[PDB]
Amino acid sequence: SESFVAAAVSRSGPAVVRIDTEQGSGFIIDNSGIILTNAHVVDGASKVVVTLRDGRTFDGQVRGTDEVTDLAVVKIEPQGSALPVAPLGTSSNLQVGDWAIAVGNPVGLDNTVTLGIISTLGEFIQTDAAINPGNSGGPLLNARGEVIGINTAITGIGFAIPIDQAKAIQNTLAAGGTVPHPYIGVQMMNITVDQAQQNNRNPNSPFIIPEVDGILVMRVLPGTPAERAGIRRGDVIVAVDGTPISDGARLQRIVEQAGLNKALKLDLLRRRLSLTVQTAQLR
């Protein structure tokens, strides 16, 4: 009698809450009052008001925030009748073209529902389910109604944090404390020989590029480990110690796998030159 959409909303929609600080959506993932949302919803504030789809309101505490993934965990006081819960799916099962249901609780008295598909996977989910404020921080449901992502506002193309990312961040955020995001601080670019010689053909390019294939430092962000290690705009990173490289993403993964406060040795041309960068926490 209902479509499958009406059904998925009937399964997970009750757990979708309104969040105000003086604004957006969240959803309860545990009968004890654990609530996921976006960090930009809760601001840097720590006191939050949670309104359930049924009208119950809760003084909820911001238990804290990952600015980088844009996730926050709120907790509320599970008094009275039991808090309803959204069942968590898994995002490593998404294919492009799978149905996507984005649910909000902007007002507090009703869900907002929009319908789309998974448009892209990276690790942001992309969907053409209309993703708008108020609806942001609410869940992205699959056809069965399992949370597979967290809507984020930021065309017809909207983004969701894949739910398995939140699953990894949940314990840490819910218990205060900082999710580690190690970085060194360079804007980088993969450099192609055709591209280095191309660049060098132009009398007005800013620097001569040493004709190789590597990682061109485009910018050294101020106050970063990379500035402190003496990296300059124009350096070409070629290998992280040992392993050669030409892929900005492979360097991303070596930095992350390294961890916080680890020296990395870097092979760069400028002249040949290796430096050590002490990873620090992205903020």
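In case it trips you up, residue 1 is the first one in the sequence shown, and so on.
Can you say how many deposited residues have no coordinates in the span between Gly97 and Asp98, choosing none, 1 to 3, 4 to 9, or 10 or more? The entry leaves nothing out here.
What size is the break between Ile154 and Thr155 in terms of deposited sequence residues left without coordinates: none, 1 to 3, 4 to 9, or 10 or more? According to the record, 4 to 9 deposited residues lack coordinates from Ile154 to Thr155.
74 to 82 set against 142 to 150, stretch whose average Cα temperature factor tops the other in the entry: Stretch with the greater average CA B-factor: 74 to 82.
Going by the B-factors listed in the PDB entry, is the mean over the C-alpha atoms higher for 26 to 34 or for 250 to 258? Averaging CA B-factors over each stretch, the winner is 250 to 258.
Whose C-alpha has the highest temperature factor in the PDB entry: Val240, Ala229, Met218, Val50? Comparing C-alpha B-factors across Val240, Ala229, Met218, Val50, the maximum falls on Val240.
Would you mind checking which of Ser92, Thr127, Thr114, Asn199 has the top Cα temperature factor in the PDB entry? Each of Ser92, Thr127, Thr114, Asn199 was compared by C-alpha B-factor; the highest is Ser92.
Among all modelled residues of this chain, ranked by Cα B factor, put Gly185 in the bottom, middle or top third, i.e. lowest, middle or highest. For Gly185, whose C-alpha B-factor we compare with every modelled residue in the chain, the answer is the lowest third.
Where does the C-alpha B-factor of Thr172 rank in its chain, lowest, middle or highest third? Its C-alpha B-factor belongs to the highest third of this chain's values.
How does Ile118 rank on Cα B-factor within its chain, lowest, middle or highest third? Lowest third, going by the recorded CA B-factors of the chain.
Among modelled residues of the same chain, the CA temperature factor third for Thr69: Ranked within chain, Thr69 CA B lands in the middle tercile.
Sorting by Cα B-factor within the chain, modelled residues only, which third would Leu268 end up in: lowest, middle or highest? Middle third.
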